[PDB]
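Undergrad: Dropping the structure in here first, questions after.
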Amino acid sequence: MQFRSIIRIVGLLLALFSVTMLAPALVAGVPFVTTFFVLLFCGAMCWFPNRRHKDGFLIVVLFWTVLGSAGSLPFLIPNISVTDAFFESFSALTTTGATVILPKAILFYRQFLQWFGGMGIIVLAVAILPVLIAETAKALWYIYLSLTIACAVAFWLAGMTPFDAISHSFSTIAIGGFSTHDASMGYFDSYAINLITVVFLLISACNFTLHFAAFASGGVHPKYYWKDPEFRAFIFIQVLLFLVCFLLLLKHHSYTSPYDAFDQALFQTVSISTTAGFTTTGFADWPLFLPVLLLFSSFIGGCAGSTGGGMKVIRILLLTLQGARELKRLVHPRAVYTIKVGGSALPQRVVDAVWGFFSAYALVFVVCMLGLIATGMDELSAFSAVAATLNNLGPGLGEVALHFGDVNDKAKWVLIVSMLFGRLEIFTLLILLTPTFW
Amino acid sequence: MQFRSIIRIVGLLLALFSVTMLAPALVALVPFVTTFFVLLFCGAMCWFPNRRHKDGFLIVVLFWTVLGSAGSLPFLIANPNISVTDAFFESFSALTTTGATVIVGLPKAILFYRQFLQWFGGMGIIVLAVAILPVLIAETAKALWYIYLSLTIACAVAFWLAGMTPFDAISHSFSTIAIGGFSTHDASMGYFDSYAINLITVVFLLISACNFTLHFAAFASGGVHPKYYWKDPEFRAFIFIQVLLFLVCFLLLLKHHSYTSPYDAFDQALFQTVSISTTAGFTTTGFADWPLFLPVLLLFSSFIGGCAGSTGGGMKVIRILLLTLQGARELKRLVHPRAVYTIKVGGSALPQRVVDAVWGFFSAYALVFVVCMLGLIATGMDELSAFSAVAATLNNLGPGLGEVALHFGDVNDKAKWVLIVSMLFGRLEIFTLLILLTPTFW
């Protein structure tokens, strides 16, 4: 099936991935250079005997097929077992805080991996239009420059030397919840960093596709204040979050001073809630239900045209508000229902497809919970772990045993696939399984 | 809003409910008689001053509302001496047909009435199940009577074969009419374990629980009965799921190598799997010879509950079937959105009208599920025991097996009231009280 074209294109892809492998070498390192050489060699052998050129789902799978391989070689010789080495590689990879447990070059590379993951996750994410020319690089390069320079200067304000500010900035690009120390923000708590970082968390997560027009000099920004459905819904949930935090604070009478109670409390609620992953609280001053509630909050993750693939506003919104239309259906079946919350008329093909996706998603959820518990994992610690795993924050808080090294490595391989599913569209592998497809 | 016409009909309804309140009075060795008199008095004061006569959802809510109005009065006063909230909870436990035990301990007359309550609940739930056509003449009362006579007589004679005196056979029969999971002793079959009863009862369980409205044609005399073998999908899907259940039981038996003899292992093992699975509620196993996942798996099995036209209202074959098969259509939609999908699993062409409602019902159901889990844990209940309890509660079997502490006398009584409403919600369509909360409705 035209294998000659596929070999050269795939080889070029592996070589291109390999070019971006000199990151630790800047910090005087050799295995990563070796990976570039081996894959480049692969590209070279693929490239020359075959010259001819010319499905798509196969390509997407091959895309993230690649991303998965690679990044596992320098760890078998960090002395850790091969399954654990692979698991750790994925742990560093995909911005998942999968801690079971370093060199200063490797650590820089790990934060760099977060950088690579962050840019990579949002580039083919709005490039699915042919299945459902490279000029977007510049406009993306400008927005990024604004994001990183702003973060670095913001860290600088505290007074740390630029290397430290840059180090923290690299750590927070694709937040997995990692920092210099295991405590996410407990080890260093300058007030300016906390306030500024929380602002970064709010601004950086929900929406950048909407502001793509910002590249054009039309000045369409003040229009978005009004009639933006996302803004009203999102503000209602977040403001409600603030009010409940305030109420909880008053009920327990935790901190009398405003600054610690508001910044620290707000920081914990926002950080855990926003799927950030920076957690430094054992939730003892909070009741037990707050960890459970927060975990449910963790499920709500990502925004439309955002870094994280999770349940979105429009999907839940459609179910609820469309659900309201269904409530109206319950009142009367003779009654035509057509309501358009959005400015456009909405076609009935997409809505049905979306909730169907949710139903299949539920099936996957059952598979993940049942499978992980089924493999030999404990009912509760794994239960919290699966909730956390699907979201991609970290270890399960309830009945804490954060580091699972002694769990079965084949299941660990399953954990890798599950977290990968957490980031990538889950049903790509699903298309592979079906018997009608063969 | 024409209140004079609601007063007489509702009063008549209360009096009618009261008419069948003489059940313990047959067993000498008064409060229930008092309930009949008080409600009859209520009907009387609502019948003579008003002579006039004349929405519908209010009436259905009201019918369900009537249950439990006079099901809790005789328990505050007297052998059952228990607190008022607990008395109400206990009343609902017996009445709801759920197995909500707070006590260990099972008056002969009161107990007879309790089993009788199971009889009342069993016929009552089925009768109004198909009477919802005006919103979505009483000639059915004899055709259901023949079928019911067949069911009760068959159960009694079946128990009689074992060799117990007819009173004991009838007692067990009354106990198994609507299946709470109760017997003379707390263990379902541990106290008496005769083999004929076990085999016959399992047959009873399989036949009784699915689907009897298909066999409503059994009353008019015709030959339609052989045709159903190839006629219905329900048989292929249901048989496939049950057979798979048998195979997994067989394979888990051979993996652990539990019992070498085939009589005990197949009947006891099969009995346990089917009984826990079929929303029956008869449980005598602590699941130690089974791994821990089997209790979890069984609880998931408990969620699958009811057949279309069956006594219990729980997720069904057609709903899940629609999601998966229609889901398959959805699966085929990722391949080409340009591709028209129209498929009819059933004999008729199926309309796109009802189908959105089914999954919408599931979505709303999930919302309710979140409310129940979050609310019960939120009230002050424990993490895990409550979690198993809510799964079990929605189904209406009994206690959560995992980390078992079935009896919860010391749990908060207002939440216990919430538990009562939750289990009732399991039995009746949850939404029937959801149309009250909406502000657009007022």
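Please note that chains go A, B, ... in the order of the structure tokens, that every chain numbers its residues from 1, and that ligands are numbered from 1 in the order shown.
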List the neighbours of segment 184-190 of chain A out to 7 Å using only C-alpha atoms; skip same-chain residues closer than 6 positions along the sequence, and give me the result as a list in words.
TA: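 Listing them by chain and then by number gives residues 158, 177, 178, 278, 279 and 280 of chain A.
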Undergrad: Residues of chain A no more than 10 Å from chain B, counting only C-alpha atoms: send them over as a PyMOL selection string.
TA: chain A and resi 57+131-132+288-290+292-293+296+319-320+322-333+349-350+352-360+363+370+373-376+378-380+398+427+430-431+434+436-437
Undergrad: Would you work out the distance separating atom CA of residue 37 of chain B from atom CA of residue 56 of chain B, expressed in Å to one decimal?
TA: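 Atom CA of residue 37 of chain B sits 28.4 Å away from atom CA of residue 56 of chain B.
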Undergrad: Excluding residue 413 of chain B and its own-chain neighbours fewer than 6 positions away, which residues fall within 10 Å of it when counting only C-alpha atoms? Please give them as a PDB file with N, CA and C atoms, in the first residue's frame.
TA:
ATOM      1  N   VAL B  84     -38.926   7.962  66.386  1.00  0.00           N
ATOM      2  CA  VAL B  84     -39.828   8.448  65.339  1.00  0.00           C
ATOM      3  C   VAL B  84     -39.166   8.534  63.967  1.00  0.00           C
ATOM      4  N   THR B  85     -37.953   9.072  63.881  1.00  0.00           N
ATOM      5  CA  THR B  85     -37.265   9.100  62.593  1.00  0.00           C
ATOM      6  C   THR B  85     -36.939   7.689  62.141  1.00  0.00           C
ATOM      7  N   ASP B  86     -36.432   6.881  63.066  1.00  0.00           N
ATOM      8  CA  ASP B  86     -36.130   5.487  62.799  1.00  0.00           C
ATOM      9  C   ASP B  86     -37.407   4.733  62.477  1.00  0.00           C
ATOM     10  N   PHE B  88     -40.074   5.963  61.045  1.00  0.00           N
ATOM     11  CA  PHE B  88     -40.434   6.342  59.690  1.00  0.00           C
ATOM     12  C   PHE B  88     -39.550   5.621  58.694  1.00  0.00           C
ATOM     13  N   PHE B  89     -38.247   5.563  58.999  1.00  0.00           N
ATOM     14  CA  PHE B  89     -37.267   4.932  58.122  1.00  0.00           C
ATOM     15  C   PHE B  89     -37.553   3.456  57.976  1.00  0.00           C
ATOM     16  N   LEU B 419     -32.168   9.270  52.613  1.00  0.00           N
ATOM     17  CA  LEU B 419     -32.015   7.890  52.156  1.00  0.00           C
ATOM     18  C   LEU B 419     -33.360   7.330  51.727  1.00  0.00           C
TER      19      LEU B 419
END
Undergrad: Set the distance at 9 Å and use only C-alpha atoms: which residues neighbour residue 229 of chain A once local chain neighbours fewer than 4 positions away are removed? I'd like the list as a PyMOL selection string.
TA: chain A and resi 233-234+341-342
Undergrad: For atom CA of residue 347 of chain B and atom CA of residue 210 of chain B, quote the distance in Å rounded to one decimal.
TA: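 Computing it gives 20.3 Å between the two atoms.
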Undergrad: Please, which residues of segment 10-256 of chain B, numbered as in this document, come out helix (DSSP H, G or I) from DSSP, as a PyMOL selection string?
TA: chain B and resi 10-19+24-26+31-45+56-66+73-75+84-96+108-127+140-161+166-175+195-209+214-218+225-231+233-256
Undergrad: Return the single residue from A:7, A:388, A:174, A:157 that is closest to residue 295 of chain A, with distances computed using only C-alpha atoms.
TA: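 Nearest to residue 295 of chain A: A:388.
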Undergrad: If you measure from atom CA of residue 230 of chain B to atom CA of residue 340 of chain B, what distance in Å do you get, rounded to one decimal?
TA: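 One can read the atom CA of residue 230 of chain B to atom CA of residue 340 of chain B distance as 28.9 Å.
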Undergrad: I need the residue nearest residue 368 of chain A from this list: A:225, A:421, A:236, A:90. Use only C-alpha atoms for the distance.
TA: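 Of all the options, A:421 lies closest to residue 368 of chain A.
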Undergrad: I'd like the neighbourhood of residue 50 of chain A as number ranges by chain, where a residue qualifies if any of its atoms comes within 9 Å (using only C-alpha atoms), though same-chain residues fewer than 5 positions away should be ignored.
TA: A: 4-5, 7-8
Undergrad: Choose the residue, out of B:40, B:49, B:117, B:34, that has the smallest atom-to-atom separation from residue 7 of chain B; count only C-alpha atoms.
TA: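 For residue 7 of chain B, the nearest of the candidates is B:49.
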